[PDB]
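First up is the structure itself, then whatever we jot down about it.
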Amino acid sequence: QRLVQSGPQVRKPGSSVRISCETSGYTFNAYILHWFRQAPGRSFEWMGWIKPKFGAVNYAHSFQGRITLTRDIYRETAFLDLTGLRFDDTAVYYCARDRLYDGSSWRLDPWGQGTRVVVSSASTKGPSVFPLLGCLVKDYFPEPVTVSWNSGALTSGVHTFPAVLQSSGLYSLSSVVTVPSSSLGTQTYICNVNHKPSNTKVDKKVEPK
Amino acid sequence: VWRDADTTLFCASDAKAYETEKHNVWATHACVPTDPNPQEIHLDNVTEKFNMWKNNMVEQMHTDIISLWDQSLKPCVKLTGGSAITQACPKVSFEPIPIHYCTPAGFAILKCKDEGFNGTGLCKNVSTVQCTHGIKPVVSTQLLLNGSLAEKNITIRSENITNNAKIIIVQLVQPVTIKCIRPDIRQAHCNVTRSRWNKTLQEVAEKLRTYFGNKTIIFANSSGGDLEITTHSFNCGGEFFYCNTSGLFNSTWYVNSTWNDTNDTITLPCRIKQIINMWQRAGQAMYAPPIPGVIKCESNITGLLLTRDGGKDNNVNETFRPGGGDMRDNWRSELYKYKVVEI
Amino acid sequence: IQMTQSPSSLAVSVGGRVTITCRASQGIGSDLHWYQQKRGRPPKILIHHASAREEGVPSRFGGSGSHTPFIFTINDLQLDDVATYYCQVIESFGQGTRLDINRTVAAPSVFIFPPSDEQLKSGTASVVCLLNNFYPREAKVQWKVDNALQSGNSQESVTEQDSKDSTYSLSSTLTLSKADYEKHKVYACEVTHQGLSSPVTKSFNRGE
Ligand SMILES: *[C@@H]1O[C@H](CO)[C@@H](O)[C@H](O)[C@H]1NC(C)=O
Ligand SMILES: *[C@@H]1O[C@H](CO)[C@@H](O)[C@H](O)[C@H]1NC(C)=O
Ligand SMILES: *[C@@H]1O[C@H](CO)[C@@H](O)[C@H](O)[C@H]1NC(C)=O
Ligand SMILES: *[C@@H]1O[C@H](CO)[C@@H](O)[C@H](O)[C@H]1NC(C)=O
Ligand SMILES: *[C@@H]1O[C@H](CO)[C@@H](O)[C@H](O)[C@H]1NC(C)=O
Ligand SMILES: *[C@@H]1O[C@H](CO)[C@@H](O)[C@H](O)[C@H]1NC(C)=O
Ligand SMILES: *[C@@H]1O[C@H](CO)[C@@H](O)[C@H](O)[C@H]1NC(C)=O
Ligand SMILES: *[C@@H]1O[C@H](CO)[C@@H](O)[C@H](O)[C@H]1NC(C)=O
Ligand SMILES: *[C@@H]1O[C@H](CO)[C@@H](O)[C@H](O)[C@H]1NC(C)=O
Ligand SMILES: *[C@@H]1O[C@H](CO)[C@@H](O)[C@H](O)[C@H]1NC(C)=O
Ligand SMILES: *[C@@H]1O[C@H](CO)[C@@H](O)[C@H](O)[C@H]1NC(C)=O
Ligand SMILES: *[C@@H]1O[C@H](CO)[C@@H](O)[C@H](O)[C@H]1NC(C)=O
Ligand SMILES: *[C@@H]1O[C@H](CO)[C@@H](O)[C@H](O)[C@H]1NC(C)=O
């Protein structure tokens with residue numbers, strides 16, 4: 001038993017997205033498959049199940065008319081359709097098999113690795129990097145960005161924060177580090193930022209003035 | 001005395017050895033003749049548990065009806081698995097006959113005679129018989145055809161009525177006639193009496209409220225899936241009919257609603273397909289075009305297969321849609337009052 | 001059908017016997033299951049059918065109860081058990097319990113950062129307030145501009161708990177237009193936290 005899902009996808013509001021759930025390791029026809037989304041921090045929400053043999057489906061609540069669960073009986077891949085992508089639909093989506101052979105018990109043993117979905121009315125753009133010690137990495141899209149200090153030579157006192165999503169639809173994060181005060185006049189400090197999706201790398205020296 | 005066990009059963013029938021119809025032909029070699037005077041004995045002061053959902057008779061029957069179909073209706077092309085089969089695919093006569101199931105020596109069938117028995121729990125009136133009643137193996141979705149009817153009240157049977165993943169079998173008291181015909185030589189349609197059907201939905205709704213509470217009951221069409229389950233699918237004269245039930249499942253029933261609220265015929269559009277998804281097995285099958293002439297089969301509606309929508313729990317209403325696809329549920333609807341024991 | 005999971009959070013060090021209670025709508029019998037998920041990972045079944053264990057993780061994990069209330073128990077907590085836990089009944093999930101390890105309450109160090117010259121020239125001002133190495137995770141960060149409390153115009157970020165000192169760190173970022181920024185003088189970040197007997201304020205004057 002094993003369920004591999006689609007890779008992370010980022011779509012624009014109003015459009016539609018399709019998520020696949022590739023099935024291996026077990027009898028694909030004799031196991032009820034469920035679909036869950038998880039808001040950043042919040043608990044899991046049930047979207048709907050689908051009994052694979054006939055595509056017998058069951059959507060839920062506010063999802064009806066926006067969601068469609070289908071499967072490709074050959075290659076044994078299951079799908080999840082999400083139309084009219086609202087902003088608040090931005091989450092990670094899961095597929096999980098009911099453990100019970102021929103029947104339901106709602107025991108969920110195998111889970112997808114999670115399909116990260118971002119709904120932003122934005123186009124890919126590399127960050128501007130400004131000085132604050134630390135570096136401010138503002139207005140980039142999409143995730144992710146990585147940051148090091150002094151080419152990897154500085155690995156102590158560093159805290160690299162999780163990105164936030166701005167109302168603009170762009171991400172921002174900060175990276176900070178603590179060091180002895182007496183060194184600021186004598187030690188050079190450089191943050192090295194790489195944003196491969198836009199192929200943007202920046203080295204920004206930061207000093208008092 | 002006895003204790004529960006599963007074993008291999010045999011079937012009995014009144015099939016005609018001279019008939020060319022395929023159910024008859026199969027049953028002639030597969031089954032024995034029926035008993036003129038079957039015996040039923042009341043078991044005094046006996047109380048017994050039944051479970052229609054874990055009754056191995058269903059599975060045995062299933063394997064039998066699969067075999068019946070496989071050797072009777074050969075497709076021009078089969079895609080079971082990754083392997084594809086080409087073959088001769090003649091037209092046949094195909095019209096279900098009643099089958100009885102009987103226990104061999106050393107085993108017995110118990111029969112619950114409790115009114116409106118839900119299929120799971122203690123039966124107060126138990127009897128023993130050598131053989132079941134005659135059950136026609138009608139293959140269909142959404143609607144159960146030519147089956148047994150409830151004696152007094154509409155009956156709901158479910159493993160967990162509150163588990164939206166569980167099928168819901170409904171049994172009617174009064175049957176609803178369904179009349180189908182083929183006059184695009186693939187175009188067909190089925191008629192049901194509007195008035196007769198609406199009275200049915202009103203009483204079903206009222207019965208359903210006893211389980212889900214004093215709530216509004218909504219009937220709606222299937223949310224998706226293969227055509228076999230999103231339509232009322234069945235076979236007639238060896239041909240596979242697929243009928244649209246949108247006209248049947250498109251109503252909202254408040255606690256005070258009556259069919260009298262707000263031709264007398266609902267006409268359902270149907271299609272005959274040559275390319276079909278098998279119920280026996282994962283895979284696709286292709287048949288020959290339909291035979292010339294008028295094709296008709298008037299049937300009795302004797303039950304329903306429903307599912308209930310999930311969601312974030314909200315009083316006021318519940319929504320139900322037709323379902324099915326697993327033919328074991330068809331068999332369960334008939335075998336629910338029987339269980340096998342070893343002596 | 002409807003879940004309520006207590007407590008919302010919790011913090012026990014290596015060893016302490018943990019107990020989580022999930023209460024629900026009227027009757028569910030024994031059909032409550034128990035999960036566990038780590039940061040960036042999908043959940044995993046631990047206990048099913050209200051009492052039963054399953055193959056995999058040990059049977060130091062357990063559950064008991066019937067009808068409405070249920071209890072999830074870890075008799076001997078280890079280090080890798082630190083994860084968020086959830087109780088589920090069919091379509092319904094618990095709110096979720098964020099587990100944690102206990103530690104001596106450590107107050108945050110607070111820093112404020114003005115907008116850079118480079119940033120201002122582009123039409124936006126970001127102001128950053130840093131909270132470094134504190135415990136517990138709960139903290140209140142309030143932006144004040146000329147003594148007027150600011151809300152809805154700030155964002156917080158928190159690091160995952162540090163593997164070596166078991167502390168958290170947090171950033172808060174206030175974003176304003178240049179035009180609005182130049183209209184006000186005093187910019188302040190006020191921090192409230194359990195390890196501080198009173199709130200700490202850091203501030204600066206524009207152009208100073
Ligand atoms: C059992 O049979 C008796 C007489 O036939 C009847 O009065 C009684 O109601 C039956 N019990 C049930 C549970 O139907
Ligand atoms: C079915 O009826 C029996 C009594 O004959 C009862 O014990 C049981 O709880 C009922 N089950 C359902 C699902 O209605
Ligand atoms: C079905 O109803 C339509 C309209 O009343 C009628 O024309 C048609 O002949 C009917 N077919 C059957 C089989 O009753
Ligand atoms: C359902 O509501 C009706 C109101 O018309 C009432 O008469 C009936 O007693 C109610 N049933 C309950 C509360 O079980
Ligand atoms: C079910 O009804 C809807 C009306 O909202 C219709 O669009 C849809 O095609 C129907 N589905 C089927 C399978 O007939
Ligand atoms: C069933 O009929 C409705 C309208 O009567 C139509 O919208 C729907 O597409 C039909 N379904 C199929 C599967 O043809
Ligand atoms: C469904 O019901 C509405 C009224 O409730 C009616 O206007 C519509 O024609 C119906 N559709 C079908 C396919 O029966
Ligand atoms: C019947 O009762 C329901 C609620 O009990 C109400 O919503 C509805 O309006 C009533 N029927 C009519 C025709 O008003
Ligand atoms: C049900 O029985 C009738 C006999 O009157 C037959 O004509 C019809 O074809 C049967 N239904 C099916 C689906 O075979
Ligand atoms: C059931 O269907 C048959 C089909 O010919 C019909 O003759 C019979 O009248 C129907 N049942 C009832 C009670 O009308
Ligand atoms: C059922 O309830 C939901 C939410 O209370 C509502 O949106 C919907 O319109 C209701 N159904 C009907 C047929 O009124
Ligand atoms: C399923 O039904 C049984 C009794 O038939 C009940 O004890 C159990 O709680 C139900 N499961 C649920 C509500 O998840
Ligand atoms: C955590 O440890 C502190 C001592 O540093 C103690 O005062 C506190 O009660 C402990 N908390 C728990 C939940 O054990």
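Residue numbers start at 1 in each chain; chains themselves are named A, B, ... in the order of the structure tokens; ligands are numbered from 1 in the order shown.
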Quiz item: Taking only C-alpha atoms into account, which residues of chain A are within 7 Å of chain C, as a ChimeraX atom specification?
Solution: /A:43-44,46,106,108-109,111-114,130-132,161-162
Quiz item: Once you count only C-alpha atoms and all ligand atoms, which residues end up within 10 Å of ligand 11, and could you hand them over as an NGL selection string?
Solution: (:A and (61-62)) or (:B and (215-219 or 251-254 or 312-319))
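With the cut-off set to 8 Å and only C-alpha atoms and all ligand atoms counted, the residues surrounding ligand 3 are residues 179, 180, 181, 189, 190, 191, 263, 265, 266, 267 and 296 of chain B.
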Could you list the protein, DNA and RNA residues that have any atom within 6 Å of ligand 7, counting only C-alpha atoms and all ligand atoms, and write them as a compact mmCIF listing (two decimals) with C-alpha atoms, in the first residue's frame?
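And here's result.txt as it stands now:
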```txt
# COMPACT_ATOMS: atom_id res chain seq x y z
CA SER B 246 -33.08 13.04 -13.36
CA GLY B 247 -36.86 13.17 -13.81
CA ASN B 250 -35.40 16.07 -8.35
```
Exercise. Please return, as a PyMOL selection string, all residues of chain B lying within 8 Å of chain C when only C-alpha atoms are considered.
Key: chain B and resi 163+310-311+313
Exercise. Counting only C-alpha atoms and all ligand atoms, name the residues that have an atom within 8 Å of an atom of ligand 1; the answer should be given as number ranges by chain.
Key: B: 113-116, 123-125
Export of the given selection (C-alpha atoms) as a PDB file, in the first residue's frame:
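Output saved as result_9.pdb:
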```pdb
ATOM      1  CA  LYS B 113     -40.313 -13.700   9.968  1.00  0.00           C
ATOM      2  CA  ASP B 114     -40.253 -10.476  12.002  1.00  0.00           C
ATOM      3  CA  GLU B 115     -42.126  -7.636  10.297  1.00  0.00           C
ATOM      4  CA  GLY B 116     -39.858  -5.096   8.613  1.00  0.00           C
ATOM      5  CA  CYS B 123     -35.145 -11.818  15.379  1.00  0.00           C
ATOM      6  CA  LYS B 124     -38.038 -12.896  17.632  1.00  0.00           C
ATOM      7  CA  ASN B 125     -39.785 -15.171  15.135  1.00  0.00           C
TER       8      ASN B 125
END
```
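Using only C-alpha atoms, the shortest contact distance between chain A and any of B:32, B:79, B:295, B:46 is found at B:79.
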Practice problem: Produce as a VMD selection string the set of residues near ligand 13, where near means within 7 Å with only C-alpha atoms and all ligand atoms considered. | Solution: chain C and resid 11 to 12 102 to 105
Quiz item: Can you list, as a PyMOL selection string, every protein, DNA or RNA residue that comes within 7 Å of residue 189 in chain C when you count only C-alpha atoms, leaving out same-chain residues fewer than 5 positions away?
Solution: chain C and resi 129+141-144+201-203
Quiz prompt | Residues within 7 Å of ligand 8, counting only C-alpha atoms and all ligand atoms, as a ChimeraX atom specification | solution = /B:254-257
Exercise. Write down, as a ChimeraX atom specification, each residue of chain B that has any atom within 9 Å of an atom of chain A, counting only C-alpha atoms.
Key: /B:81-82,163-166,222-230,277,279,281-283,307-313,323-326
Using N, CA, C and O atoms, can you export the residues from the last selection as a short mmCIF file (atom, residue, chain, number, x, y, z; two decimals), in the first residue's frame?
```cif
data_model
loop_
_atom_site.label_atom_id
_atom_site.label_comp_id
_atom_site.auth_asym_id
_atom_site.auth_seq_id
_atom_site.Cartn_x
_atom_site.Cartn_y
_atom_site.Cartn_z
N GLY B 81 -8.19 -6.32 -17.08
CA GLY B 81 -6.76 -6.19 -16.83
C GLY B 81 -6.10 -5.42 -17.95
O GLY B 81 -6.68 -4.49 -18.52
N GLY B 82 -4.88 -5.82 -18.28
CA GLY B 82 -4.17 -5.21 -19.37
C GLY B 82 -4.36 -6.04 -20.63
O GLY B 82 -3.98 -5.62 -21.72
N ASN B 163 -23.37 6.64 8.40
CA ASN B 163 -22.10 6.58 7.67
C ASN B 163 -22.33 6.81 6.18
O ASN B 163 -22.84 5.93 5.49
N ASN B 164 -21.97 7.99 5.70
CA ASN B 164 -22.29 8.41 4.34
C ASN B 164 -21.60 7.57 3.27
O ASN B 164 -21.92 7.66 2.09
N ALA B 165 -20.63 6.76 3.69
CA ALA B 165 -19.95 5.84 2.79
C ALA B 165 -20.73 4.55 2.59
O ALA B 165 -20.37 3.73 1.75
N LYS B 166 -21.80 4.37 3.36
CA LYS B 166 -22.55 3.12 3.32
C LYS B 166 -23.75 3.25 2.41
O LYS B 166 -24.46 4.26 2.44
N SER B 222 -27.50 11.65 -9.24
CA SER B 222 -26.12 11.27 -8.93
C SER B 222 -25.15 12.43 -9.16
O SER B 222 -25.29 13.19 -10.11
N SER B 223 -24.14 12.52 -8.29
CA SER B 223 -23.11 13.56 -8.37
C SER B 223 -22.00 13.23 -9.36
O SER B 223 -21.18 14.09 -9.71
N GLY B 224 -21.94 11.98 -9.79
CA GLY B 224 -20.92 11.59 -10.74
C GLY B 224 -20.60 10.12 -10.73
O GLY B 224 -21.16 9.35 -9.95
N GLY B 225 -19.70 9.73 -11.62
CA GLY B 225 -19.30 8.34 -11.77
C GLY B 225 -19.59 7.84 -13.17
O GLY B 225 -20.04 8.59 -14.03
N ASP B 226 -19.28 6.57 -13.41
CA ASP B 226 -19.54 5.94 -14.70
C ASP B 226 -21.03 5.94 -15.01
O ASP B 226 -21.86 5.93 -14.11
N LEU B 227 -21.37 5.94 -16.30
CA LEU B 227 -22.77 5.98 -16.71
C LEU B 227 -23.63 4.88 -16.10
O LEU B 227 -24.82 5.07 -15.86
N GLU B 228 -23.02 3.72 -15.84
CA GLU B 228 -23.77 2.59 -15.28
C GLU B 228 -24.41 2.93 -13.94
O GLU B 228 -25.46 2.39 -13.61
N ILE B 229 -23.79 3.81 -13.17
CA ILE B 229 -24.31 4.16 -11.86
C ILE B 229 -24.96 5.54 -11.81
O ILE B 229 -25.75 5.82 -10.91
N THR B 230 -24.63 6.40 -12.76
CA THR B 230 -25.25 7.72 -12.82
C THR B 230 -26.59 7.69 -13.53
O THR B 230 -27.38 8.63 -13.45
N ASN B 277 -18.98 -0.87 -19.14
CA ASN B 277 -18.12 -1.28 -18.05
C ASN B 277 -18.75 -2.44 -17.29
O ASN B 277 -19.86 -2.33 -16.78
N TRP B 279 -19.77 -5.12 -14.53
CA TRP B 279 -20.02 -5.13 -13.09
C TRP B 279 -19.31 -6.29 -12.41
O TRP B 279 -18.99 -6.21 -11.23
N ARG B 281 -16.41 -7.33 -12.75
CA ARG B 281 -14.96 -7.30 -12.91
C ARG B 281 -14.58 -5.90 -13.35
O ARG B 281 -15.36 -5.23 -14.03
N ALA B 282 -13.39 -5.45 -12.96
CA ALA B 282 -12.86 -4.22 -13.52
C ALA B 282 -12.55 -4.51 -14.97
O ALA B 282 -11.94 -5.53 -15.28
N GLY B 283 -12.98 -3.63 -15.86
CA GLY B 283 -12.68 -3.79 -17.27
C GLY B 283 -13.85 -3.38 -18.14
O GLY B 283 -14.95 -3.13 -17.66
N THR B 307 -27.40 6.84 -1.62
CA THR B 307 -26.34 7.33 -0.76
C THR B 307 -26.75 8.67 -0.18
O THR B 307 -27.63 9.34 -0.72
N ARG B 308 -26.09 9.08 0.90
CA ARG B 308 -26.40 10.37 1.49
C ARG B 308 -25.15 11.24 1.42
O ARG B 308 -24.05 10.78 1.74
N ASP B 309 -25.35 12.50 1.05
CA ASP B 309 -24.25 13.45 1.01
C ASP B 309 -23.62 13.70 2.36
O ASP B 309 -24.31 13.69 3.38
N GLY B 310 -22.31 13.91 2.35
CA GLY B 310 -21.62 14.30 3.56
C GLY B 310 -21.61 15.81 3.67
O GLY B 310 -22.34 16.49 2.95
N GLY B 311 -20.77 16.34 4.55
CA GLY B 311 -20.61 17.77 4.66
C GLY B 311 -20.39 18.16 6.10
O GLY B 311 -20.10 17.32 6.95
N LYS B 312 -20.52 19.45 6.38
CA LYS B 312 -20.30 19.94 7.73
C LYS B 312 -21.70 19.91 8.32
O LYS B 312 -22.60 20.56 7.79
N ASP B 313 -21.89 19.12 9.38
CA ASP B 313 -23.24 18.82 9.86
C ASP B 313 -24.08 20.06 10.11
O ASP B 313 -23.67 21.01 10.78
N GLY B 323 -27.66 5.39 -6.20
CA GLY B 323 -26.33 4.80 -6.26
C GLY B 323 -26.37 3.33 -6.62
O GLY B 323 -27.27 2.88 -7.33
N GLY B 324 -25.40 2.58 -6.11
CA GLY B 324 -25.28 1.17 -6.44
C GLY B 324 -24.03 0.88 -7.24
O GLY B 324 -23.08 1.66 -7.23
N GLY B 325 -24.02 -0.25 -7.94
CA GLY B 325 -22.87 -0.66 -8.71
C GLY B 325 -22.31 -1.98 -8.22
O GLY B 325 -21.81 -2.78 -9.01
N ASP B 326 -22.38 -2.20 -6.92
CA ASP B 326 -22.00 -3.48 -6.35
C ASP B 326 -23.24 -4.35 -6.25
O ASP B 326 -24.11 -4.13 -5.40
#
```
Quiz item: So which residues of range 121-211 of chain B fall under alpha helix (DSSP H) by DSSP, listed as a VMD selection string?
Solution: chain B and resid 194 to 211
